[PDB]
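Shown below, as structure tokens, is a lone chain in the form deposited in one PDB entry; questions about how it binds or moves come after it.
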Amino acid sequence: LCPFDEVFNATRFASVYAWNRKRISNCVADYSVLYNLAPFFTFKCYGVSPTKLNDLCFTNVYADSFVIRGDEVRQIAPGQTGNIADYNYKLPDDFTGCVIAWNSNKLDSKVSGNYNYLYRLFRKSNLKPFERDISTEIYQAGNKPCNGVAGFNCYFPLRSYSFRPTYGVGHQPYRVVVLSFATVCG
């Protein structure tokens, strides 16, 4: 078929500031069985209809995967504004694909706190759609030049999630898969 188990059933998901990007091509994809049979927490499509994705074909399909906060799933959508939207993962206002999310508190959460997941907290400007920043350098707050080390008005851009099983659904980790849409047909 097409490798969706490599995306939805991967052992480790990337951080939102370093979200993964896999090109999907040269396969037949049965989106209908995925939509009706797989019980996700969220399956929202903006440019297309989930129940009729099989009759269209596209030149390529991109699947982006990352882990975000529970109430932070709201801003994975066109036209949204927030820390994830501006600094981590901006989605185009004319987005045509689908957004899929499911709770992963059983895998990405630890009693001591899972510090493996980070999110960009400070940036000079908002991201363009579908652009990511891997580089982490000290961010200048205020007006004093920075010497390249954390200090008074100099911050480390990446703030870490600290997922714990008792955080509540608001802060529990959520694994998000974003599909962006004639080598791929249903």
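Take the two forms, find the largest set of C-alpha atoms that superpose within 1.5 Å, and that set is the rigid core. All residue numbers are counted from 1 along the displayed sequence.
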**Complete:** Per the record, the count of deposited residues between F8 and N9 that have no coordinates is none
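Only in words, not in the display: the form deposited in another entry, which the text now covers.
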**Item:** Sole member of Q140, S32, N126, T136 with a C-alpha shift of at least 2 Å between the shown form and the other one (core-superposed)
**Value:** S32
**Prompt:** Once you line up the core, how about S160: does its CA shift reach 2 Å between the shown form and the other one?
**Reply:** no
**Request:** Please say whether, between the shown form and the other one, the C-alpha of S49 moves by 2 Å or more once the core is aligned.
**Result:** no
**Item:** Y62 C-alpha shift between the shown form and the other one of 2 Å or more, rigid core reference
**Value:** no
**Asked** Relative to what is shown, are the Cα atoms of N36 and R69 closer or farther apart in the other form, where the gap shifts by 3 Å or more?
**Response** closer
**Request:** Kindly indicate if, in the other form, the C-alpha atoms of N9 and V33 are closer or farther apart than in the structure shown, bearing in mind the change is 3 Å or more.
**Result:** closer
